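1. here goes the first bit of my complex:
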Amino acid sequence: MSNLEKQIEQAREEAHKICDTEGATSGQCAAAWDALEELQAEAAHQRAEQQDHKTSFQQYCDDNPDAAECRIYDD
Amino acid sequence: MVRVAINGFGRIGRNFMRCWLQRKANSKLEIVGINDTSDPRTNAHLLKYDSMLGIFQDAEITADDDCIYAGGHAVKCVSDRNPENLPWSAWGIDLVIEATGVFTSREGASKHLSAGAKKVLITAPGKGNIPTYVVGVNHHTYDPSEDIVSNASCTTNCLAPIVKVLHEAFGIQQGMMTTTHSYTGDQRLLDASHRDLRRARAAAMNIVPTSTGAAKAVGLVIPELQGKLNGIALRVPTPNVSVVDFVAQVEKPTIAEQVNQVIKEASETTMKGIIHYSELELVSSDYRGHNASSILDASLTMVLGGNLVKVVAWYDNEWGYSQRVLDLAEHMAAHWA
Amino acid sequence: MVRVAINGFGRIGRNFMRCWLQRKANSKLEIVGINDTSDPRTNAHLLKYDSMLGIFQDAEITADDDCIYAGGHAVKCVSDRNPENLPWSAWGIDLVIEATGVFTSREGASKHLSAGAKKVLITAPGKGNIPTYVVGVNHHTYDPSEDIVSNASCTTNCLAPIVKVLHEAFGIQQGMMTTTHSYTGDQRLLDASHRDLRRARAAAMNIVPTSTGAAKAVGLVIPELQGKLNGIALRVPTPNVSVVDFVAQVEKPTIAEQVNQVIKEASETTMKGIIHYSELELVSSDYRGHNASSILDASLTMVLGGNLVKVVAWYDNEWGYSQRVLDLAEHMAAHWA
C-alpha cells in the first residue's frame, strides 16, 4: 500500500484541520472523521487480506492444479 | 447419434475408451474428440498396452500426430490445458466427459460450455451444488436441461446401491463406512512434496489413511439420509480393485441371512447389472474387470444385536466406474433434449 | 532370576529375543533355550539380519551348531517337532513361550508341562478355556497357579485397551471392528494349496479378507461385553504394520473431540506405555518399531448421531505384540509362585 498509505495521513491532516477550525461538533467534521474511519477500514481490509497471503500452494495450484504436488482425487 | 468428447485421457479416459470399444454396436455415442497433455503418439500406445487390463485384442490401435485410428474408426485428438481454446463447436460436441480431476467446480467445468460444448458429464464429486447422479439409484430423476451433471466418486458409486436397498428394506438411522481403497494416481510414488501430508508418502509401501466426504455424497443421491453417513478411506498397495466396508444402524431388526436374501433378490429384480451377488470365497484380483458396480461379499455379512449390520462390497474403481460413466452417458443420450 | 525358553523361533520369537536383548538390565528373565525347525547356524543369521528391523547393532551375534552367543551371552538351542522329547527339566525351565502357532489347544500346550516345564505362555488365541490376559487391561487378575496362560492375538491386544477406555467412560452396547492387517506368514506367496481358500491366494497381490474371532476375545478379557463384539480382517500387501478400525455403539452420547480427550488423558494416567496418542498426520511406516500397543489416530475419530463412535488405531503386530508378550512374561516373573 502506497496510495491509501498516503491518503490516510492526508485525511488525518484534514481531521486535525477542519474539526478544529470549522466547528468541532457538527456534520462537516463528523463526515471528515467518518471518511478517515472508512479509510482506516479499508486499511484493515487490506491488512487482513495480506495476512491471508498464501505462500505457494494456493498459487501453484491456483494456476496449475494437476501437477503431482496437488492432485487430490478425493475419492 | 451423439458426438462425445473426453477431457483428460488418464485412467478413467482410457477405460472409457476401452469400454466404448467393447460396447460399440449398442451405442448412440460416437467418441470424436480427446485431449491429454501428451502427444497423440504416446496415448495410443497407452491405450493399446494397459498394464492392468492387458493388451487390447479386439481392434487395431494406431496413430499419427493428428488423429488416432482405433479399429479403423478415426478419432480426433488435441493437447491444451486451457479449456477455453478448445475446438468444440468446430467439432460439433454435445457431451464432453470431464475426467482430469481439475475442473470440479461449476465455474471450472462450465468453461467447456462457454467454449462451445452442449453438455458436460464430470467424473468427480464436484464442489458446489452440481446435480449428481448414480446409475442404479437415481439415473432417472435428472432434468435434461441440466447440462452440467456429475457422477460421484467410485466409492459412492459402489456404496449407494447397497445403501438404497438397505434403506428401502429396513430403514437406516445412521451409517459408517471404511473403504479399503486401491492406490490412485494422486499419491506420490516416493516420499515427495504434496498438498496433503498423508498423500505425500510412499504408495507402494504404506497403508495411508485419508478422510473423504464421498460417503456424504450418498446423502446427496439419497436425500433423506444426508448428514447421517460418514466414513474414511484406507489406501493400501494394491493397484486396481478395492473393497468397501459398510456399517449401518438399521432400526427394523433382522439377522445376517435375511439381508443377504434381500440383496440377492434385489440383484435379480431391480439392481441387475449394478449389484452382483457372490457366495464364493473369492479374493481381490478376481474382480479385475467385473461389470457390476458392487459385488456383495456374502460370507462376511454380519448383524450384532439385530439393529447393527455390516456388509462388505468388492468393486473395481477403474473398470466398473467407467462402465457406470458410459451407462450414464448413454442414458443421457437416450433422453437428449 | 527366571530361566525362560522359546518354542518356535519365528517372527514372534525373533522379536521376543530382540526385545529381551534391548531390555536386558531390568529383566528377571534369562533366555536359556530356543528350538526351531532350523539348524542353529541359520537362525542366528536370521536374528542378526532382520529384513524388517534392519541389522541388529547393539550386541554381537554368532553361533556354532550347539549354542548361540548373543553379545557374549550364551543360549542353548535344539531342534525337534515333538514337544515330548525336549530337554526342559534338563535345562531347568520355568516358563516356555509357545510361539509356533501349532499348540493352541490345552492338550497341545500341556505337552511342555508334561515334558518338564513349569509354566507356558502361549502367544495365540488358544482353543478351549485357556485363561487369556492382556497387558494393560487384566494383567493383574491372573492366578499364579494358572501355569498355562494365553496372550490373545495382536488385533485383540491392540483393540482391547481402547474398548476398555470407551466402556469405562461411555458404556458400550455393541461394537464392530475391521482391522486392515499386514500379511502374515500363513498366507501362501503364490497361489498354492491351503486349508482355507482365502488364504490360499497370493499375498503380495491381493486384499484377502478373512473372518476372525479375535474381536470376540475382547469379550473374554472384558467379561461384560462377550457376545457383543465381532469383526473381520483385511490382509493387504504391507509387510509389517497394521491399522484397526473400530465402530462402537455407545449409549452415553458425546462428540468426536471428547472421546479424543478421554483417550488422551487415559494415555497419560492409566494406559501409559500401552496407548500412545498422536495428533500428527502420520502414515503406516512411521509405526515400525513403536513401543505402544495402540497408537490412536486422532484426526479420523468420528461420531454420528451422538451414540455411534469410530476410532482407528495403528499398531505393529510384530514389535508391539512382542513387547506385550515380554511385559506379560516379566509380570508373571514378578509374581512367581
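-> Happy to help now that I have it. Numbering: from 1, shown residues only, chains lettered A, B, ... in the order given.
2. which parts of the stretch 101-250 of chain B are strands?
-> Here the stretch 101-250 of chain B has its strands, by DSSP state E, counting those that start in this stretch, at B:119-123, B:148-151, B:172-182, B:208-212, B:229-236, B:241-250.
3. quick one: closest of those strands to residue C:203.
-> Residue C:203 sits nearest to strand B:229-236 of all the strands of the stretch 101-250 of chain B, at 12.4 Å, using CB to CB. (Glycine included, C-beta is placed from N, CA and C.)
4. partners of that closest one in the sheet?
-> strand B:172-182 (parallel), strand B:208-212 (antiparallel) (DSSP bridges).
5. between strand B:241-250 and that strand, find me the angle.
-> 150 degrees (axes from the mean of the first three to the mean of the last three CA atoms, to 10 degrees).
6. give me the residues contacting strand B:229-236.
-> Strand B:229-236 is contacted from outside by A:75, B:155, B:163, B:174-184, B:187, B:203, B:206-212, B:214-216, B:218-219, C:180, C:207, C:236-238, C:243, C:245, C:300, C:302, C:304, C:310, C:312, using CB atoms under 8 Å, 6 or more residues apart in numbering or on different chains.
7. another chain to add, chain D:
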Amino acid sequence: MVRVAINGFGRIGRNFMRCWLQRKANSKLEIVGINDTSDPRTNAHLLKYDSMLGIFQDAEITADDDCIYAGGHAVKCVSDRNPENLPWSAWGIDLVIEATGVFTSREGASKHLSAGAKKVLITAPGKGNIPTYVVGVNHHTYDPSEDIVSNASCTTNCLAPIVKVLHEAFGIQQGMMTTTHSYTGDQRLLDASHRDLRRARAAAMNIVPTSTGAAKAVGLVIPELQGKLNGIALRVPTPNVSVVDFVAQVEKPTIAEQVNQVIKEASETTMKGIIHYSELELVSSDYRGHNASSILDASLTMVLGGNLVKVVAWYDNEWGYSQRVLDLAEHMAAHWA
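-> One more chain to add, chain D, which I have set with the ones above:
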C-alpha cells in the same frame, strides 16, 4: 566455514540434510538455505518422518512458515521455480547443491551463478561438458576455479570404483553392465502419460527396462575407457536399494578368487570408505543405510575363460549417493579458492 544451500528438497535433498545432521561436528559446511516447491511446514514433516529411513531421532525438527529449526539450528527456506529470483547474495551462498533433476545443462545450472552464488554442485549427469567428479576415483583432480561441478549418477558412482580397481589391476578391453535399479520418483505410479514410454507404465507392478548413458560416464571419469563401457538398467519394484551387474572383458587372465582378493585389499588400502567387501549371504534390504558406495558381493563373482569377469555390487542409491555428495562438498570446502 562454508555457507551452503540446497536446490530441491527431494529424496537427495532430504538425505543430504539428514547426512549433515549426522556429520555435523566434522563439517566445514553449514546448511543455511533450501528451496522446494512446497511450503516450509510440509517438508519439515517429510524430513522428520521418512518412510524409508524411519523417524529421525537425534535432533528435534520443527518449523514455521519462514524458517526450519533442526535441533535448535535454524535454516532458511523459500519457494520459487525461477532460479533467477532467488536470494543468494542476500544469504551469502558459496555452494548451492542442485538436486532438482531439472537444471542439468550448463546454462540451466549457471543461473544460480548469475543470481549470486559462487559454486554449484549438481547431483546429476549433466548435459554438455560439465566437469564430473566421483569421490574415490578422481575427487582430487578438480580445479578449484571450476565452480560448476557435477557428481554423476548413483549407478556411475557405484560402478566407477570397481572399474578403477579392475582397470589398474588387470586392464580392461571392454565392459558391459546391467544395473537392477530401484524405482525412482520419475516413474508414474499408475499408467500415466509420460515423455518416455517405458517410464510411463506402473512402477509397483513392472520390471521396466531403460537405456542409460550412465555407464558411459565412467568413460568420463576414467578417460582411457571412454567409448568402451555401455549398459542398460532394470527398474524393479523395490523402493530403496539396488544392485549392479558388471561384465568386463579383461586381458590379463585370472580366476574368480584373485579378483576378490584384489578388491578385498583395495577395500583396506585405497578405497576404504568407498568400497566395502562382504563375504556374507546378505540380501538387498540389509544395505539400507550402508555408508559405502559399493558393497561387492563376494559369492557371485565369476570368471569364464580367464579373460571375462563378472562382479555384482550392492549400492544404496538414496543414502550412499548422498554420502558421496556430502563428501565431495566437504572436499571442495577443504580446497576452497
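8. any idea of the angle the helix ranked longest in chain B forms with strand B:172-182?
-> Looking across chain B with DSSP state H, the single longest helix is helix B:154-169. For helix B:154-169 against strand B:172-182, the angle by the same axes, to 10 degrees is 150 degrees.
9. which single residue of chain A ends up nearest chain C?
-> Closest contact between chain A and chain C, by CB to the nearest CB, is at residue A:72 (14.4 Å).
10. ok, for the closest residue to chain C within the stretch 151-300 of chain B, nearest residue in space, not its chain neighbours?
-> For the stretch 151-300 of chain B and chain C, the shortest gap (CB to the nearest CB) falls at residue B:236, measuring 3.7 Å. Using CB to CB, 6 or more residues apart in numbering or on different chains and skipping residues adjacent in sequence, the residue nearest residue B:236 is residue C:236, 3.7 Å away.
11. what about the residue of chain A closest to chain C, how many neighbours?
-> 18 (other CB atoms under 10 Å in any protein chain shown).
12. quick one, what contacts the residue lying closest to it once chain neighbours are set aside?
-> For residue A:72, ignoring the flanking residues on the chain, the nearest one in space by CB to CB, 6+ apart is residue B:186 at 6.1 Å. The neighbours of residue B:186, taking CB under 8 Å, 6+ apart as the test, are A:68, A:71-73, B:101, B:199.
13. drop chain E onto that structure:
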Amino acid sequence: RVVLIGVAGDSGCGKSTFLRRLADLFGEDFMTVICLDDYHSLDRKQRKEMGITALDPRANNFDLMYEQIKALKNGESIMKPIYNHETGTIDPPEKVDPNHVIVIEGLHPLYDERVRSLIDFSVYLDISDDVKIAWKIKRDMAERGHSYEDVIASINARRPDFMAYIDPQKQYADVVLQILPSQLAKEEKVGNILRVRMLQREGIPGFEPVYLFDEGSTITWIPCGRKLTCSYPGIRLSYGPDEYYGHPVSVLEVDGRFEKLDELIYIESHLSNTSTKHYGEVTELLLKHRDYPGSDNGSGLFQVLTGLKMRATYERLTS
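-> Chain E now in position relative to the chains above:
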C-alpha cells in the same frame, strides 16, 4: 422459495466472523452475501461536499434496493451496483443470482419498513464503546499506523448521529447481541474477556427462545464445582426475563473465557430449545474453527446459537 436474513452492525460489511460461522454452518453454496455499502447515493467527494457521513437516510437509494429485494423473491437474477471502496466511487453493477438463503447486512438493513416487512429474520449486533476502543487499539497497534488516541475523539464525534440513525433499528430486530467489558476479571487489558448477552425477543412464531433451566425467571448459574475444575476466572452465566423497549425479551448472558473442552460441553448440555438435531452440535461448531477470534469466549457461543436459530427458521420456512 426465498428466505432472508438481516444482520446489522458497523463491524465492516463481510468483515465480521459471524458471517464466517454462518459460512461454516450453511455453506456459501446455499447462501450468498450482500453488502449494503453498495447502495450509497454518491461518493466520499460528495460526502465532503454535502458534509454528510455514510449513515444518512439521504445517503442511500433505499428504493432501488427495495426493488431488487422484492425481485429477489420472484427468482430473477438481480443487478446490484458496487461501491468502489478504495476510490469511494460506484462500479457499474454486477448480475448475481438468488440462492437458497439470502443475507442482508449493512448499516441500514432495517431502516426501511417495507423491507422490515420483508425480512424473515433479523439480527442487530451491538458493541459497547469500551471494546470499540480496545478493538481500535488492536487495529492501529497491529498495523502500527500510529494514528491512535485521536480516534478516541473520533468515537464520540461518530457517536451522536449514530444513536439517532442506527440504534432505533434494534427496537425492531429479533436478536441483539451486546458485548460488554467483563465484570468478572479486572486485572487485564479492557478487551480480553467479554461479558456478552443476547437479548432475544418473544412473540413472532418459529423463533423460540433459548432458556437456561426455566422460562422466565432470572437465574445466574456458575458451572464450577463437583464436576468442573474452573480455571481463572471461569464462567458465570446468567439469564433473565425482561422487557426491553417495552417488548417481551429474554436475555441470555455469558461472562468468562472458555479454557478447555469439558466446560464448553457441560454448558451446552443444559441449554434448552437450542434446536439441534445432534448432541453437542454447538460444541462441534465451536471447535471446527479454533482460530476464529472470539471462540474462547461467549461471543462465539452466541453467534452460533443465533445461526442455529437461523437453521430453525429456515426449516420452518422450507418445511
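14. again for the contacts of strand B:229-236, since chain E is there now?
-> A:75, B:155, B:163, B:174-184, B:187, B:203, B:206-212, B:214-216, B:218-219, C:180, C:207, C:236-238, C:243, C:245, C:300, C:302, C:304, C:310, C:312.
15. let's see it at 7 Å
-> B:155, B:175-181, B:183, B:187, B:207-212, B:215-216, B:218-219, C:180, C:207, C:236-238, C:243, C:300, C:302, C:304 (CB atoms under 7 Å, 6 or more residues apart in numbering or on different chains).
16. for stretch E:231-242, same thing?
-> So stretch E:231-242 is contacted by E:184-185, E:211-212, E:216-224, E:249-256, E:259, E:263, E:267 (CB under 7 Å, 6+ apart).
17. ok so, going back, so how far is the longest helix of chain B off the chain centroid?
-> 14 Å (CA atoms, centre = their mean, to the nearest Å).
18. same thing with stretch A:13-20?
-> Using CA atoms, centre = their mean, the offset of stretch A:13-20 from its chain centre is 23 Å.
19. can you check stretch E:236-247 too?
-> So, by CA atoms, centre = their mean, the centroid of stretch E:236-247 is 18 Å from its chain's centroid.
20. do stretch E:77-87 as well
-> Using CA atoms, centre = their mean, the offset of stretch E:77-87 from its chain centre is 23 Å.
21. residues of chain A that sit close to chain B?
-> A:57, A:61, A:65-66, A:68-75 (CB under 7 Å from any CB of the partner chain).
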